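Report on one structure; see the data block that follows.
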Amino acid sequence: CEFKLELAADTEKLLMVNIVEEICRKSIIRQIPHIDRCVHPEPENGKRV
Amino acid sequence: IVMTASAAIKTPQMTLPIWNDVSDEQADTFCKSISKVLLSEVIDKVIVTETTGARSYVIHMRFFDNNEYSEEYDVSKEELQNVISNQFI
Amino acid sequence: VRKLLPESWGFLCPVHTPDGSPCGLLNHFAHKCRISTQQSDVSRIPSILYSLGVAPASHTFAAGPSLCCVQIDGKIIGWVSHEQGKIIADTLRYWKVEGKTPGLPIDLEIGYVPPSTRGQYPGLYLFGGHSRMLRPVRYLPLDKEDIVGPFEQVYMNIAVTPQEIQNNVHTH
Amino acid sequence: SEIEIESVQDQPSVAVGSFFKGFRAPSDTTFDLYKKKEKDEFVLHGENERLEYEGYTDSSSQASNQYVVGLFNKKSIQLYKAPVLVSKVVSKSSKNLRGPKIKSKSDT
Amino acid sequence: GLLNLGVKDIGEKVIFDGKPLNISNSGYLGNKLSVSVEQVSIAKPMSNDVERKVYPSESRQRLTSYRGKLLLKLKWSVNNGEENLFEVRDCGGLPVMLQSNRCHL
Amino acid sequence: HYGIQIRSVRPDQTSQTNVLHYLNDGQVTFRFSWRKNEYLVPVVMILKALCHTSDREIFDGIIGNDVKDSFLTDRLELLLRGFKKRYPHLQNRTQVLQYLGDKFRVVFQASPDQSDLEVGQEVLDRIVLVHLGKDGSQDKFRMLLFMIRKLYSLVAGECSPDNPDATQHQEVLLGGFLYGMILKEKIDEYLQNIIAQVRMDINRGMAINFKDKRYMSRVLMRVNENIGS
Amino acid sequence: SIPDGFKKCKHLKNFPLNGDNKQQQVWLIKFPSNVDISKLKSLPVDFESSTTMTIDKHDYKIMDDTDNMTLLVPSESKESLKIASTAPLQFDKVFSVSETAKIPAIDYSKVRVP
Amino acid sequence: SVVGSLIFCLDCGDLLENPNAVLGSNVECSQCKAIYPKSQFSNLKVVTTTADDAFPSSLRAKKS
Ligand SMILES: [Zn+2]
């Protein structure tokens, strides 16, 4: 990917490697409600779950 | 469960019984539509700068090859196009 | 902290500890571990150390894990690479149990640290003052009594009886 | 190969400047040296209108760890004894001391 | 030793007064004086009614303490130390453990 | 969560504590300890306080022959900009100390005749890295320079946490040395109680001068001498 | 101008320097004082760590170090120095001379007792 | 002199502040009238890198 910002002269050097990093791990490619990961377990006692 | 007034919990959990006919090989593919994929799952490196024009800032991301996030987490440009001018920006 | 830790090889009891509430808190010392009570009162620990191949203090300006900073106990005048680190790791161990040292005392704490694992910070560390903790051991070149503390027990190892000794994987 | 020490001497008459990486040497005022004689140490001063050269030698190990400098094409080196020197250049920043305290009232 | 060398580095402490001298008529408020401690040493224990030698087991025969006794030197200064009104004062006691330096064993 | 520390020790074995703390902004601050009172401070104002280093030698201590690392320059020039924000007229160690005379006059209980240059060096050399010794002008940069390259290298990941809970990092309080610590402390409370008897007379009044030597003997024994008690 | 350096410099000498841009350039090295600047007048021209010299202590170790300092030239007497520059003045290859105080060698014979 | 994204000097031996937070074309040392920059400031080119270290996945466990 590529995108270039611009910014005024007053505001100083910032955490340019951390201005991205903490955004990525909160940014989401598809939201799905209150749910995280699905596990396929072992079958047991006449039932696949 | 007994005392702590159980609420939003450390390990949320529920059991989903699947049908008699749905396969081993189709169920897990739709388990990857369920799995909450983050946005950071597709990046090799994030090289960022602080240049000057009047201060200039170009972010030059690097991703993976296509056939992994398309493979491992069953998602592609169908929302990676519209996460990158819509959510991350 | 209440569990025994395997960095405690030979300083306190693996076996003496009460049963119940002071479990893992109070547990006495080992057999022949000792405590230093006064410094290596020489001030020639560094006076031969620049001679032996270390650059001076304020003439080069290098720092970081790329170099191994020679910490005298308190003072520093030394940083080296590892290629002079493993030399001065145990060149001392040749001088320390050798009687041609009018400045290097028998009681002195030299622990090496290499830059492996990106773990501990790279240096060449010297100690020995008040409250320094001891244990004696047999250094195998020129087999002689020699003391170490627990800071040696990271990056220089001990054999437990001379049958498990084997090629260049023990030194004591 | 091998090469030989040609010339040893008695007095070393050189020093270094251990300022920092990249002091590009304006040479707008060439300054002097103030000797010693302990053994084999030196010290220096040097004037500008707003700037003074302040440099002495490390008493911890100066003559006890003595550099020399060599010179070759001939291709045979000669020794030349080299006292190293630490330096921290100063400038005009005096006169703060007139009124350090709260001397106006100062009954607090 | 240590605590001899402990209170060695002390400088020039002060305490001041309200008695004047004669711009800086109220600047130099009075006697610039000092106080310092140069020497302190427990030596040994004793007991009397000259001095005699006490036994350490004797001191817990008596259901008491192993009372040492402690001295303390005071070095005086005033006006960059022009008259050093010196004094030496004890501080009571200080107990010592058995087989020490400054016991009888 | 970051921090590297020193339990620096006086040569009479009564210590203090000099931690760092990693301000997530991009500065970095100290911490002291006192009576029951923590005294944090920014770092450059008692970095550039020892001897005359206002040049590249501030920067050149951080690694000189490896400038090429890019965690360095974007992170050291936000702490150095975290100080030029405060007072830009501050350039030599005469002037850099002078801030201590606003705060450190009555917190280490100084004299009112002392200017700040006598006390600011004094309030420095009581509290931070004493084991490098008094007159540590060259020898308090080069510790603290190296002491801060660790903390940047402890957030950038090329280091690892230590284990204070083990014999890796254990010492002994000998018990007799501790008993020899209190007789540095309670000696300097007996000395801090004859200077709490003179001014309780002279500000009560009718306290004649010491020059007649019995003014000492009327003040040196009215205080209770109970170090042993 | 505070201290007591007891002297002010007048006695000066010359540096051999051609200024030809094969090329006489400077050569500084590092070594201690307890050395052979009085008793061994020769030392090799070697590569990275490629010697062990012979005195009564019987070890000197030329090292290299490339991966500085302004250089001063007291040409005539009253100047007491200058700063050397062709147009700072760089340099090729510095030495740091240690002493290989070795270890007693491989022995697993007596120390490995059955 | 210049390191990283910032300019030092020769007379004063040290830096100056953000050249655009104060007057461009008009800068000197912060404490002495030693105006070494002649308004030819720098080419401000810094390039940093997040090293992909706290980006957990199931597809960075394969590269390890
Ligand atoms: Zn300037």
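Following the order of the structure tokens, chains are lettered A, B, ..., residues in each are numbered from 1, and ligands are numbered from 1.
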
Within-6 Å residues of ligand 1, basis only C-alpha atoms and all ligand atoms, as a PDB file with C-alpha atoms, in the first residue's frame:
```
ATOM      1  CA  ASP H  11      31.512  27.227  15.367  1.00  0.00           C
ATOM      2  CA  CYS H  12      29.038  26.526  18.168  1.00  0.00           C
ATOM      3  CA  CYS H  29      22.846  28.601  17.302  1.00  0.00           C
ATOM      4  CA  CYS H  32      25.738  32.164  20.675  1.00  0.00           C
ATOM      5  CA  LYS H  33      25.785  34.542  17.711  1.00  0.00           C
ATOM      6  CA  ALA H  34      27.637  32.013  15.584  1.00  0.00           C
TER       7      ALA H  34
END
```

Enumerate as number ranges by chain all residues of chain A assigned to strand (DSSP E or B) by DSSP on the backbone, naming them with the chain letters and numbers the document uses.
A: 2-7, 28, 44, 47

Can you check which residues of chain D have any atom within 12 Å of chain E? Use only C-alpha atoms and format it as a PyMOL selection string.
chain D and resi 103+106-107

Chain E residues within 7 Å of chain F, counting only C-alpha atoms: which ones, as a list in words?
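Applying the cut-off to the listed atoms yields residues 2, 3, 5, 6, 7, 14, 15, 17, 18, 91, 92, 93 and 94 of chain E.
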
Skipping near chain neighbours, those fewer than 3 positions away, what residues fall within 12 Å of residue 169 of chain C using only C-alpha atoms, listed as a ChimeraX atom specification?
/C:140,155-159,164-166,172 /G:108

Those same residues - N, CA and C atoms - I'd like them written as a PDB file, in the first residue's frame.
```
ATOM      1  N   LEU C 140      39.721 -25.846  35.967  1.00  0.00           N
ATOM      2  CA  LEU C 140      40.437 -27.021  35.465  1.00  0.00           C
ATOM      3  C   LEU C 140      41.801 -26.786  34.806  1.00  0.00           C
ATOM      4  N   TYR C 155      26.767 -17.657  32.125  1.00  0.00           N
ATOM      5  CA  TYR C 155      27.490 -17.884  30.889  1.00  0.00           C
ATOM      6  C   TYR C 155      28.849 -18.541  31.103  1.00  0.00           C
ATOM      7  N   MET C 156      29.067 -19.184  32.254  1.00  0.00           N
ATOM      8  CA  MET C 156      30.196 -20.093  32.447  1.00  0.00           C
ATOM      9  C   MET C 156      29.773 -21.170  33.440  1.00  0.00           C
ATOM     10  N   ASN C 157      29.994 -22.425  33.067  1.00  0.00           N
ATOM     11  CA  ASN C 157      29.285 -23.559  33.639  1.00  0.00           C
ATOM     12  C   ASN C 157      30.174 -24.422  34.529  1.00  0.00           C
ATOM     13  N   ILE C 158      29.523 -25.343  35.245  1.00  0.00           N
ATOM     14  CA  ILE C 158      30.145 -26.168  36.277  1.00  0.00           C
ATOM     15  C   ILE C 158      29.827 -27.626  35.972  1.00  0.00           C
ATOM     16  N   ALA C 159      30.786 -28.520  36.182  1.00  0.00           N
ATOM     17  CA  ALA C 159      30.478 -29.941  36.197  1.00  0.00           C
ATOM     18  C   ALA C 159      30.308 -30.399  37.638  1.00  0.00           C
ATOM     19  N   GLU C 164      31.235 -36.473  34.278  1.00  0.00           N
ATOM     20  CA  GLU C 164      30.441 -35.763  33.291  1.00  0.00           C
ATOM     21  C   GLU C 164      31.228 -34.667  32.592  1.00  0.00           C
ATOM     22  N   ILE C 165      32.489 -34.472  32.966  1.00  0.00           N
ATOM     23  CA  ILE C 165      33.374 -33.594  32.223  1.00  0.00           C
ATOM     24  C   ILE C 165      33.615 -34.165  30.833  1.00  0.00           C
ATOM     25  N   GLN C 166      33.520 -33.301  29.831  1.00  0.00           N
ATOM     26  CA  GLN C 166      33.739 -33.654  28.439  1.00  0.00           C
ATOM     27  C   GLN C 166      34.159 -32.388  27.709  1.00  0.00           C
ATOM     28  N   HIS C 172      34.682 -25.926  34.999  1.00  0.00           N
ATOM     29  CA  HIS C 172      34.829 -26.070  36.434  1.00  0.00           C
ATOM     30  C   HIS C 172      34.124 -27.333  36.896  1.00  0.00           C
TER      31      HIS C 172
ATOM     32  N   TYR G 108      42.493 -33.223  29.203  1.00  0.00           N
ATOM     33  CA  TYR G 108      41.379 -33.993  29.735  1.00  0.00           C
ATOM     34  C   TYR G 108      41.868 -35.322  30.289  1.00  0.00           C
TER      35      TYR G 108
END
```

Which of segment 48-90 of chain C counts as alpha helix (DSSP H) under DSSP, as JSON, numbers by chain please?
{"C": [85, 86, 87, 88, 89, 90]}

Output N, CA and C atoms for every residue in the selection just made, as a PDB file, in the first residue's frame.
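And here is the file that came out, result36.pdb:
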```pdb
ATOM      1  N   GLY C  85      35.971 -10.130  23.932  1.00  0.00           N
ATOM      2  CA  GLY C  85      35.197 -10.355  25.124  1.00  0.00           C
ATOM      3  C   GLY C  85      35.511 -11.705  25.713  1.00  0.00           C
ATOM      4  N   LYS C  86      35.506 -12.744  24.876  1.00  0.00           N
ATOM      5  CA  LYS C  86      35.751 -14.088  25.379  1.00  0.00           C
ATOM      6  C   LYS C  86      37.210 -14.270  25.773  1.00  0.00           C
ATOM      7  N   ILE C  87      38.112 -13.487  25.181  1.00  0.00           N
ATOM      8  CA  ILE C  87      39.488 -13.445  25.669  1.00  0.00           C
ATOM      9  C   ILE C  87      39.515 -12.929  27.100  1.00  0.00           C
ATOM     10  N   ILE C  88      39.021 -11.706  27.325  1.00  0.00           N
ATOM     11  CA  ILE C  88      39.081 -11.127  28.666  1.00  0.00           C
ATOM     12  C   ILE C  88      37.981 -11.674  29.569  1.00  0.00           C
ATOM     13  N   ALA C  89      37.130 -12.558  29.054  1.00  0.00           N
ATOM     14  CA  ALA C  89      36.262 -13.324  29.936  1.00  0.00           C
ATOM     15  C   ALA C  89      37.072 -14.239  30.831  1.00  0.00           C
ATOM     16  N   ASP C  90      37.998 -14.988  30.250  1.00  0.00           N
ATOM     17  CA  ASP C  90      38.730 -15.975  31.013  1.00  0.00           C
ATOM     18  C   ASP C  90      40.240 -15.840  30.914  1.00  0.00           C
TER      19      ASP C  90
END
```

Give the residues of chain F that lie within 12 Å of chain B; count only C-alpha atoms, and format the answer as a CSV table (one decimal) with N, CA, C and O atoms, in the first residue's frame.
```
chain,number,residue,atom,x,y,z
F,70,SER,N,17.5,3.5,12.8
F,70,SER,CA,16.4,4.4,12.6
F,70,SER,C,15.5,4.5,13.8
F,70,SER,O,14.5,5.3,13.8
F,71,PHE,N,15.6,3.6,14.8
F,71,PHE,CA,15.0,3.9,16.1
F,71,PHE,C,15.6,5.0,16.9
F,71,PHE,O,15.1,5.5,17.8
F,73,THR,N,17.3,8.3,15.9
F,73,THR,CA,17.2,9.7,15.6
F,73,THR,C,15.8,10.2,15.8
F,73,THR,O,15.6,11.3,16.2
F,74,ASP,N,14.8,9.3,15.5
F,74,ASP,CA,13.4,9.7,15.7
F,74,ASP,C,12.9,9.6,17.1
F,74,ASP,O,11.8,9.9,17.5
```

With only C-alpha atoms considered, list every residue of chain A at most 6 Å from chain B, as a JSON list (two decimals) with N, CA and C atoms, in the first residue's frame.
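Here's the written file selection25.json:
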```
[["chain", "number", "residue", "atom", "x", "y", "z"],
["A", 1, "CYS", "N", 0.85, -1.19, 0.00],
["A", 1, "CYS", "CA", 0.00, 0.00, 0.00],
["A", 1, "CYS", "C", 0.89, 1.24, 0.00],
["A", 2, "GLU", "N", 0.27, 2.39, -0.29],
["A", 2, "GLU", "CA", 0.97, 3.66, -0.27],
["A", 2, "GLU", "C", -0.05, 4.77, -0.08],
["A", 3, "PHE", "N", 0.26, 5.70, 0.82],
["A", 3, "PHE", "CA", -0.47, 6.97, 0.91],
["A", 3, "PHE", "C", 0.41, 7.98, 1.64],
["A", 4, "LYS", "N", 0.47, 9.20, 1.11],
["A", 4, "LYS", "CA", 1.36, 10.23, 1.63],
["A", 4, "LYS", "C", 0.54, 11.34, 2.28],
["A", 5, "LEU", "N", 0.87, 11.67, 3.51],
["A", 5, "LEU", "CA", 0.24, 12.77, 4.21],
["A", 5, "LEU", "C", 1.00, 14.07, 3.97],
["A", 6, "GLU", "N", 0.41, 15.16, 4.46],
["A", 6, "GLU", "CA", 1.10, 16.43, 4.66],
["A", 6, "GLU", "C", 0.69, 16.99, 6.00],
["A", 7, "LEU", "N", 1.55, 17.83, 6.56],
["A", 7, "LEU", "CA", 1.31, 18.35, 7.90],
["A", 7, "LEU", "C", 2.04, 19.68, 8.01],
["A", 8, "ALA", "N", 1.49, 20.57, 8.84],
["A", 8, "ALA", "CA", 1.99, 21.93, 8.96],
["A", 8, "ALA", "C", 3.34, 21.95, 9.66],
["A", 9, "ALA", "N", 3.98, 23.12, 9.66],
["A", 9, "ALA", "CA", 5.36, 23.23, 10.09],
["A", 9, "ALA", "C", 5.52, 23.32, 11.60],
["A", 24, "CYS", "N", -3.07, -0.44, 13.64],
["A", 24, "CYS", "CA", -3.28, -1.67, 12.88],
["A", 24, "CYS", "C", -3.94, -2.75, 13.72],
["A", 25, "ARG", "N", -3.43, -2.96, 14.94],
["A", 25, "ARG", "CA", -3.95, -4.01, 15.81],
["A", 25, "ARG", "C", -5.32, -3.68, 16.39],
["A", 27, "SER", "N", -7.41, -1.76, 14.12],
["A", 27, "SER", "CA", -8.15, -1.76, 12.87],
["A", 27, "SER", "C", -8.55, -3.18, 12.50],
["A", 28, "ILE", "N", -9.65, -3.30, 11.77],
["A", 28, "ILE", "CA", -10.27, -4.60, 11.56],
["A", 28, "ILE", "C", -10.70, -4.71, 10.10],
["A", 29, "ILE", "N", -10.50, -5.90, 9.53],
["A", 29, "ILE", "CA", -10.80, -6.13, 8.12],
["A", 29, "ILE", "C", -12.24, -6.60, 7.92],
["A", 36, "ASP", "N", -14.41, -14.16, 18.19],
["A", 36, "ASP", "CA", -13.00, -14.01, 17.84],
["A", 36, "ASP", "C", -12.47, -15.08, 16.90],
["A", 37, "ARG", "N", -12.54, -16.35, 17.28],
["A", 37, "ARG", "CA", -11.91, -17.43, 16.53],
["A", 37, "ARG", "C", -12.73, -18.69, 16.74],
["A", 38, "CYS", "N", -12.79, -19.53, 15.72],
["A", 38, "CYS", "CA", -13.57, -20.76, 15.78],
["A", 38, "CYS", "C", -12.65, -21.96, 15.70],
["A", 49, "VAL", "N", -19.18, -31.73, 16.88],
["A", 49, "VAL", "CA", -19.49, -30.40, 17.38],
["A", 49, "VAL", "C", -18.54, -29.40, 16.75]]
```

Would you pick out the contacts of segment 35-51 of chain E at 7 Å or less, using only C-alpha atoms, so that residues sharing its chain but fewer than 2 positions from it are not included, and give the list as a PyMOL selection string?
chain E and resi 4+7-8+13-14+53-54+67-77+102-103
